[PDB]
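See structure below.
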């Protein structure tokens, strides 16, 4: 179902609506594109523009609040646009960070219309969209050099999300009505280089599963069982993948690992009966 040459500039992200019927591509050309996919067809609708620097990542909001797609660019700003009347418009612009923003994912509709922003400005922001338009932002420093990922943890307070460091550190953050904002929990060390990406699973089974990919060219699957329980570092393999590792994605169900390399190859992984990993 290829959509050959969607952009002019190299593409940095390919995400779909909750109903895999409409896509969203973003590139360096500072532009994002909306799509329609059927059997093998690709209808190109609008092309989102207002981004000064290369767009990095984008994320589809839950249909619960209509059609909304958020994008983050080098321009140190993340922007969201809705699709009222089949015509794409820019609803709000979030630019609190001072430097590139490399990741932006939406919170489980349960939580609400929340967006988690992680900038290379070393900080991270949490923003929910009220009514009138003016939101109440929440920012908290998260890493030394910077921040590269900010995946969320499923619903359960009890609001958690993992961060990937520019300083090689993976962290866990849980809300706190007494602290007024998300505070640190874990600080799982493991990578020798920078944490390129970290995604948290929705697999509600007995134990929690977290993925961490990095310039150190390895994935460390962080498995923990309960509050007490510490996270068990686990090398996806006791060798190095020839190139870096940029993305890690969790399948809806069946909990399978989508590990987008850098050697330009995508690999899939599963945890056999023991607790190790194998292809698919």
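Please verify whether residue 16 is closer than 28 Å to residue 155 by Cβ and either out of contact with any strand residue (DSSP E or B) (no Cβ under 7 Å at 6 or more places or on another chain) or part of a loop (DSSP other than H, G, I, E, B) (or both), treating the condition exactly as stated. Criteria met by residue 16. In the stretch 123-143, is there at least one residue being more than 16 Å from the chain's Cα centre (by Cα), within 22 Å of residue 248 (Cα to Cα) and crowded, with 22+ Cβ neighbours inside 10 Å? Checked the stretch 123-143: at least one residue is more than 16 Å from the chain's Cα centre (by Cα), within 22 Å of residue 248 (Cα to Cα) and crowded, with 22+ Cβ neighbours inside 10 Å.
For the stretch 176-187, does any single residue satisfy the condition of being part of a loop (DSSP other than H, G, I, E, B) and buried (at least 20 other Cβ atoms within 10 Å of the Cβ)? Yes, the stretch 176-187 contains a residue that is part of a loop (DSSP other than H, G, I, E, B) and buried (at least 20 other Cβ atoms within 10 Å of the Cβ). Comparison of 246, 231 shows that the only residue that is touching a strand residue (DSSP E or B) at 6+ places or on another chain (Cβ under 6 Å) and over 17 Å from residue 14 (Cβ atoms) is 231. Consider the stretch 50-85. How many of its residues are closer than 24 Å to residue 20 by Cβ and touching a strand residue (DSSP E or B) at 6+ places or on another chain (Cβ under 8 Å)? Looking only at that region, the number is 21.
Note on the stretch 204-231: residues that are within 15 Å of residue 271 (Cβ to Cβ) and over 22 Å from the mean Cα position of the chain (by Cα) total 2.
At least 1 residues being farther than 27 Å from residue 3 by Cα and more than 20 Å from the chain's Cα centre (by Cα) is the threshold, and among the strands (runs of 3 or more DSSP E) wholly inside the stretch 26-118 those reaching it are 89-94. Per the conditions (1) surrounded by 17 or more Cβ atoms within 10 Å (Cβ to Cβ); (2) over 30 Å from residue 203 (Cβ atoms), the sole criterion not satisfied by residue 47 is (1).
Quick reminder, even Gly has a Cβ in these numbers, built from the backbone with ideal geometry, and neighbours come from all protein chains shown. Just so you know, all these numbers are worked out from the coordinates, no wet-lab data involved.
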